[PDB]
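Descriptive analysis of the structure
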Amino acid sequence: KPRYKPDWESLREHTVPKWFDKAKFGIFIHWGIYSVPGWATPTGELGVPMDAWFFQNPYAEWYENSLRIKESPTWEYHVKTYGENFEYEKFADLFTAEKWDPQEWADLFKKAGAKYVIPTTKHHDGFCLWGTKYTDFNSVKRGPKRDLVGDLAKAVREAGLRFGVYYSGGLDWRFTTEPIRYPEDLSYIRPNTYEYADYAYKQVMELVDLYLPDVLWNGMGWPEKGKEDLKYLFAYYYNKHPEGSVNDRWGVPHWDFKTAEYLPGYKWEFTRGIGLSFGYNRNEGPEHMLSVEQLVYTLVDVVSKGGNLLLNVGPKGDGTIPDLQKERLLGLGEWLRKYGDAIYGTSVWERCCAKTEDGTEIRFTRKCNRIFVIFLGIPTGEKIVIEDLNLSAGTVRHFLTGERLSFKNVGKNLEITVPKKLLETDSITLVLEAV
Amino acid sequence: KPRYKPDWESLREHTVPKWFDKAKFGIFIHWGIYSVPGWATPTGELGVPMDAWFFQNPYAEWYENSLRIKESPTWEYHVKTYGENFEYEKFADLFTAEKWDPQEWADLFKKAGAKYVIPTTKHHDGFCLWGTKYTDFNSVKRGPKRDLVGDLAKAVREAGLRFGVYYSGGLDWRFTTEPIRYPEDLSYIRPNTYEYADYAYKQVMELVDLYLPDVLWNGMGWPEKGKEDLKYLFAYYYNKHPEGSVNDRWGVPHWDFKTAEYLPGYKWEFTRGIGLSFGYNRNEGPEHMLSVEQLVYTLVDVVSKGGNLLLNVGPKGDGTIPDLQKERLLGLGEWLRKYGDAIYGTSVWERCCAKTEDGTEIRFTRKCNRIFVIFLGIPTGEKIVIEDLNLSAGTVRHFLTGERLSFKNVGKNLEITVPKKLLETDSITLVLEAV
Amino acid sequence: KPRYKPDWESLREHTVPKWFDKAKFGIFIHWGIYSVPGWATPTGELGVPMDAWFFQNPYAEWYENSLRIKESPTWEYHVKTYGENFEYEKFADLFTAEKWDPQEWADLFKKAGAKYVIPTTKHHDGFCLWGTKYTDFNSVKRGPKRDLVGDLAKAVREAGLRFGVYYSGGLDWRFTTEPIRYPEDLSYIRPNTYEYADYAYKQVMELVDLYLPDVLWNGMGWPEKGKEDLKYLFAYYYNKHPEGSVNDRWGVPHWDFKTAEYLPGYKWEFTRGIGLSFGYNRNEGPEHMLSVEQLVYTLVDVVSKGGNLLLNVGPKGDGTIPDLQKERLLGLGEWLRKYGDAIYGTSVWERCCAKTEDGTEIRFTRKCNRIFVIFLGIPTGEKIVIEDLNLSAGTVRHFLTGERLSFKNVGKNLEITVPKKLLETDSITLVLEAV
Ligand SMILES: C[C@@H]1O[C@@H](O[C@H]2[C@H](O)[C@H](O)[C@H](C)O[C@@H]2N=[N+]=N)[C@@H](O)[C@H](O)[C@@H]1O
Ligand SMILES: C[C@@H]1O[C@@H](O[C@H]2[C@H](O)[C@H](O)[C@H](C)O[C@@H]2N=[N+]=N)[C@@H](O)[C@H](O)[C@@H]1O
Ligand SMILES: C[C@@H]1O[C@@H](O[C@H]2[C@H](O)[C@H](O)[C@H](C)O[C@@H]2N=[N+]=N)[C@@H](O)[C@H](O)[C@@H]1O
């Protein structure tokens, strides 16, 4: 009755679970002691000059790394705000999560249209948000005096959502003293010890035994000395939980989905923040965040290209989700409540994309015979010409109302008439439906 | 003056020590905290349906593994007898060995005809029966408050017997949470950690330094990550104790004897219990155990085929040896006191085996020129025809009395006349002696 | 801005730092708890019968190893002086360094002409002379209650000298119980554990972070399991401290200089004691030590052949340097104050060596155009014929005074007249200077 064996050839048998492929949209949570200072220079996105990136790091979870660079703006801010005698470690005692309600979060992610949730159980600073027995630097012994991963796991599952775990396998600044100043530094500033490979193995195993997560989401690769451990760990995981899944940031020959942070025959997932960082950043306002309209557009783009969206939320150290983020999540969810059928459970079509003469981008998703045509915007006119597309027969109709639409092939293109009556009832995106 | 070097080519120089080849018969002791419950379903022997084996495990030392399977009869028995809130670990506090006398055991094994003794210093549950400094889960800090391995080592040696050690290198359930339900589970449900490879190395070394055992008997393979350590450990062992020996369950290119648990040019050893399990089992009665006659027959069969017999004894948690087991050991010893010369110090002949027309099995052993003919039973008649055997000359005579016997070759066969007078003085086995 | 990458091909880019090549002469310090007994049989030098070497070990730092051999003279001396119930470990409590002044040492090494200093931070007995967090068996928690490595680092640097560290990577008798009796024993009597490879990595790293030494001087190889760690550790070291250096006793493809303990195109270094041992030995008198004259002769010989001299000092457990050693260091320094220009900052010539008809050895060093001719002794005569050497033109003159000397080529040889007036002002060595 155990199906999976501990070797890569055997672990290939485990394909991406249907629930994940159908889920389309999940929530990432970067929440730690780094949330307490919750500070970073909001420079930009990947592809900002990577030479200065670590010196002007827009990722607020990297606070400790930035704090270790004395030249950095983070060091100035830390000394000015907390003093030079305040070690990063001490944020664990200020990290109280006093106003945290896990069910409010789970409900928020549900209403946002999210189908799975993945919190940082341990990020690069090595602080663990569960009562792990392999370090005392955890949320049960320090600040919150509470198993944050567990109580969130109960909340997300009770809300009917899948629960995955993020674990920083590659980096752990409890095991190094120097900061990362350039990308090349990452090739040698790592724990490197056999001890650490055991520590990571033991910890992810502990996560598996305690919470049996639906996703194992690893960050920054797996320690070279422990890479062979993963075939034992995957087999173990899958045999306990066949519908479990695993990302592609381990550095070994197996993964269930690829990740991207900037039509394919494999399942993948785009991850990004609502803002510029993953962890809470005070300095971010609306100018640094995507709008409800842009989130929708992104989500539709990714789904049409075969991917999920893993949108990150960065809560404050008190356990509340900033109104700027909550606002955008509820907006996305309001579009999903309305157009979900065109997203959830869909498949890629023969092409991802097309455009009008007016310049409006178009994205396609499939649901057996039903082909959704999702416009990235609402054309201000009845006559709509789609460039380079033909339809041989059948019935094209307006998705939201169900009203039949007149259409015909004009050479390479396809003309469709959509009455203003119908275009005016749509929100953010005109959606059509063919057969 | 150090002969052995730490590489497999060099360690091949160490052949099986003469004492072991000459010893023929040794005692295994499976004794732990698992002895306290001392319970298992007495299903059968290896080759019972291996699909159900772990679910209906007849090995009482596997109690914890069986306890971890909630479906199992062991789980029912544990809850009913000790409660669900009684963790396996707590048997260490009930394991008092209150009536243990190590010299009574040593004397018992001596009278049984045993030439060496091998107790479980640490089995799969990871409880160590010596004051090891690498774990507190040992017999010095817990229940017995006593170095059981050491005090037994003194007793066995004072009785004039060789003392080996059993160590579970392959399995240690202090390092895993899941049970073994199928054989395939063993390929991934292991400690797996570098930590554990160090732990096993350090522990066997500690055994070597403290007790310098005559046999290193490993169980369930050696951790893959520590396999290279063994060439250092063997060289070390042999250089301290050249007459030391090592079994073949390490998974590396060197061994002094092979083990079997169901005419060869290498030394080997058959191991089995007096009953169906190795550890004490309450549920076993005489119907589940070999008789004195069967033990003799086994011992003779194995010795004629070049092997030793490692017969297992399973003591109670109070440190007493059940009368059913003691009875059979004393019976074997009574046959050995009588026919020892035909077993101890012997060698394989040109063939192991033969049979009479009446169907009685025959086994041969050699002692230079003296060829022992051991019948598996006592024929009820003077005229005895051995199928397919000839003797060219010399003098065949009755072993116990020394009386010359008349014989001749009849075609393929050999006829021997053994007067009822002599057949009636033998016990269990007619033994003859040729030249 | 990080130049070095963690692979051997990339680490070859780091050549020996100029300061080291120019330094020529450094001081080794073997100082530990072994200094307290400070005892060894002064047998001889390497190339003494190596069969008896460990049994009659002249290296006083090996006391514990010798103590573990019950046959040895060290065992007799220990029992007689301290009792059989006095474990080697307890010397850590007698090792008080009560009269230690680090600035007196630094000043002593400065006046001796030494340009760098390398103390044993941890030798084979595993006692660390700094407040390491990876073992309590250190100088901060035990005897001296003081960071000896650190306070010496401050003293040497304030005196203007470079400070390196010696670390015993290969051997650590905190991790083994058996002694080394023969050289072959070293191939298996080692820590061997993954644990230990981590321990050594972590400890040298800690040295790098705390003191950023100018030399990493490893002893007895690097643990096989940790050898790959060194490319990460070297890159790390070099990127923090490009002028750092590394010796060749790691057993990996990279080193900055070779070591010797008995004309090459690579930089190397001869290491030896003033006496026969490295650690303090009571039993050594002047008969076992080199004279000021011999030290000079050695230093000149090594420098002419492209090497540095790493002369060892062995202090008492009270932190004082024996007068026999201090005397010889001050003597060497008095010659260096006088002839330094001919040694410091020099380069190898087209040949190392030559000789007179009278049998006096000669050594050459180069300083651009200035070619120093250093006689190993002072000829008692004006006419000096150097065998097999010609000079085409230029001006040969007496180094100390600057007085021009008459000379000519006579066949293969070169005759030089040096007035008694000038030969009588030299000390230990006649030095000439050509162009
Ligand atoms: C989700 C995100 O992952 C990591 O970010 C990394 C980028 O995604 C990218 O792979 C580059 C190469 O490295 C980035 N690391 N940084 N900064 C985490 O580091 C990050 O904290 C966050 O968890
Ligand atoms: C002596 C005996 O050894 C192990 O038993 C194993 C069998 O001998 C056989 O090798 C199969 C493949 O695995 C058995 N394990 N089980 N159950 C120990 O497991 C057993 O406890 C005992 O020590
Ligand atoms: C400096 C010196 O190094 C080691 O001595 C070793 C010799 O230099 C040589 O390499 C031989 C092969 O092994 C010697 N070891 N011994 N004895 C150290 O062992 C010694 O203590 C000292 O540090």
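Structure determination for this PDB entry is given in the record as X-ray crystallography, at a resolution of 2.65 Å.

1. Observations regarding the packing of aromatic side chains
Evaluated as defined, the whole model comprises 129 aromatic pairs over all chains. Taking the centre distance of 5.7 Å and the plane angle of 80° together, the rings of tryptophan 100 of chain A and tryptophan 105 of chain A count as edge-to-face. Assessed through its relative accessible area of 6%, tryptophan 100 of chain A is described here as buried. The buried category is assigned to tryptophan 105 of chain A, whose relative accessible area is 3%. Taken together, a centroid distance of 5.7 Å and an interplanar angle of 75° make the contact between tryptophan 19 of chain B and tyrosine 116 of chain B edge-to-face. Its relative accessible area of 13% is what places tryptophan 19 of chain B among the buried residues. Ring pairing ties together the aromatic residues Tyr4, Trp8, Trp222, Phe234, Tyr237, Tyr238 and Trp250 of chain A, which thus form one cluster. One residue, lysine 225 of chain B, lies across the ring of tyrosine 194 of chain B, its end atom 3.8 Å from the ring centre.

2. A word on the site of ligand 1
Residues and elements named next belong to chain A. Around ligand 1 sit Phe28, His30, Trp53, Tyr59, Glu61, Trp62, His123, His124, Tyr166, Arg249, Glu261 and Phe278, and that is every residue in its neighbourhood. Separating an oxygen atom of ligand 1 from a side-chain N or O atom of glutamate 61 is a distance of 2.5 Å. One of the side-chain nitrogen or oxygen atoms of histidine 124 is found 2.9 Å away from an oxygen atom of ligand 1. Taken together, the residues that form the shell around ligand 1 break down as 6 nonpolar, 3 polar and 3 charged.

3. Considering the relation of the copies chain A and chain B
There are two copies of the chain, and a rotation about an axis plus a shift along that axis relates them. When chain A is fitted to chain B, the best match, at an RMSD of 0.0 Å, comes from turning it 120° and sliding it 0.0 Å along the axis. Here the copies are linked by what is in effect a three-fold axis. With a heterologous cut-off of 20% or less, the 12% of interface residues of chain A that recur at the interface of chain B puts this contact in the heterologous class.

4. As for the packing of helix α8 (residues 194–211) of chain C against helix α9 (residues 229–240) of chain C
Residue and element names in this part refer to chain C. Where α8 contacts α9, the axes come no closer than 11 Å and their chain directions differ by 5°. Relative to α9, α8 is oriented roughly parallel. Two secondary-structure elements touch here, α8 through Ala197, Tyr201, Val204, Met205, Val208 and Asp209 and α9 through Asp229, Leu233, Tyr236, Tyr237 and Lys240. When grouped by side-chain class, the residues that make up the contact of α8 with α9 number 8 nonpolar, no polar and 3 charged.

5. Things to note about the site of ligand 3
Residue and element names in this part refer to chain C. Around ligand 3, the structure places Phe28, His30, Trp53, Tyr59, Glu61, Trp62, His123, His124, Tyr166, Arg249, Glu261 and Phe278. Within the side chain of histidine 123, a nitrogen or oxygen atom sits 2.9 Å from an oxygen atom of ligand 3. One nitrogen or oxygen atom from the side chain of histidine 124 is found 2.9 Å from an oxygen atom belonging to ligand 3. Across the complex, the protein chains shield 83% of the 480 Å² of accessible surface that ligand 3 would expose by itself. For the shell around ligand 3, the class distribution of residues is 6 nonpolar, 3 polar and 3 charged.

Calculation rules
- Residues numbered from 1 in each chain as written, not as in the entry; some residues may be left out.
- Chains lettered and ligands numbered in written order.
- Heavy atoms only, no water.
- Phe/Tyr/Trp six-rings, centres within 6.5 Å; stacked < 30°, edge-to-face > 60°.
- Buried < 20%, exposed > 50% of the residue type's maximum accessible area, 1.4 Å probe, protein only.
- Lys NZ or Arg CZ within 6 Å of the ring centre and 35° of its normal.
- Near = heavy atom within 4 Å.
- Polar contact = N/O pair within 3.5 Å; in protein donor to acceptor, adjacent residues only side chain to side chain.
- Nonpolar A, V, L, I, M, F, W, Y, C, P; charged D, E, K, R; others polar.
- Least-squares fit on C-alpha atoms.
- Contact = heavy atoms within 4.5 Å.
- Axes fitted to C-alpha atoms, helices over the stretch in contact; angles between N-to-C directions.
- Helix = DSSP H or I, 4+ residues; strand = E, 2+ residues; numbered from the N terminus.
- Parallel < 35°, antiparallel > 145°, perpendicular 65-115°, else oblique.
- Areas by Shrake-Rupley, 256 points an atom, 1.4 Å probe, with all protein chains shown as cover.

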